[PDB]
Amino acid sequence: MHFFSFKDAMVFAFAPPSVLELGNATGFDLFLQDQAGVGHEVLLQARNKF
Amino acid sequence: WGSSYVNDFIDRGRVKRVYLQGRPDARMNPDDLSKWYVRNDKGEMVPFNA
């Protein structure tokens, strides 16, 4: 709440997940990969469509 | 004659290599070897058989 105000700096605020050693214990995690050499731009828009 | 690996370059997003070498026909028979000129200290193109 206190920081929701700012219209000039996104500011997440969160607890660490219990076994620090493991980074982020929630939900899911994936990489999208440029296999057929399509380039950063296409890749960037595949990210954004997704 | 021996090819040369000068430095690298990008191709479809990969680091590959750039090779310098005499074209096929100026390195096939030992006369093609004479065809090659070297610049000398006072600026002039000397042939190999010299």
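Residues numbered from 1 in each chain as written, not as in the entry; some residues may be left out. Chains lettered and ligands numbered in written order. Part of a larger assembly, values for the part shown. Heavy atoms only, no water.

For this coordinate set, the PDB header names X-ray crystallography as the determination method and states a resolution of 3.1500 Å.

A.B. asks: In this structure, what is going on with the side chain of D32(B)? I would like to understand it.
C.D. replies: Residues and elements named next belong to chain B. When you line up the elements, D32 lands in the loop between β2 (14–20) and β3 (37–40). What makes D32 buried here is its relative accessible area of 11%. Here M28 takes part through its backbone nitrogen, which lies 3.1 Å from a polar atom of the side chain of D32. Polar contacts involving the side chain of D32 include one to the side chain of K35, which spans 3.1 Å. Beyond its immediate sequence surroundings of up to four residues, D32 is in contact with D25, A26 and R27. (Helix = DSSP H or I, 4+ residues; strand = E, 2+ residues; numbered from the N terminus. Buried < 20%, exposed > 50% of the residue type's maximum accessible area, 1.4 Å probe, protein only. Polar contact = N/O pair within 3.5 Å; in protein donor to acceptor, adjacent residues only side chain to side chain. Contact = heavy atoms within 4.5 Å.)

A.B. asks: For this particular structure, what's the right way to read the packing of aromatic side chains?
C.D. replies: Residues and elements named next belong to chain B. Summed over all chains, the structure comprises 4 aromatic pairs over all chains. Note on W1 and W36: the rings are 6.4 Å apart at their centroids and 75° apart in plane angle, and the pair reads as edge-to-face. Taken together, the positions of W1 in the segment before β1 (4–11) and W36 in the loop between β2 and β3 put the pair 35 residues apart, joining distant regions of the chain. Judged by its relative accessible area of 44%, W1 falls in the partly exposed class. (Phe/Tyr/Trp six-rings, centres within 6.5 Å; stacked < 30°, edge-to-face > 60°.)

A.B. asks: Any chance you could explain the environment of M45(B) here in plain terms?
C.D. replies: Residues and elements named next belong to chain B. Looking at the element boundaries, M45 is found in strand β4 (residues 44–47). Since its relative accessible area comes to 41%, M45 is described here as partly exposed. Setting aside its immediate chain neighbours within four residues, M45 contacts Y37, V38 and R39.

A.B. asks: Looking at this model, I keep getting lost on the pairing of β4(B). Mind explaining?
C.D. replies: A regular strand places its side chains on the two faces of the sheet in alternate fashion. Residue and element names in this part refer to chain B. The sheet contact formed by β3 and β4 spans 4 bridges and is antiparallel. By the bridge assignment for β4, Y37 is matched with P47. What sits between β3 and β4 in their antiparallel hairpin is a turn of 3 residues, with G43 showing a positive phi close to 80°. (Pairing = 2+ DSSP bridges.)

A.B. asks: Just to check I follow, could you spell out unusual backbone geometry for this structure?
C.D. replies: Negative phi values dominate among residues other than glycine, just as trans dominates among peptide bonds. All names here are of chain B. The backbone of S3 shows a phi angle near 65°, a positive value even though the residue is not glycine. Phi is positive for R12, which is not a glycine, with a value near 40°. Here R12 shows up in the loop between β1 and β2. For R12, a relative accessible area of 64% corresponds to the exposed category.

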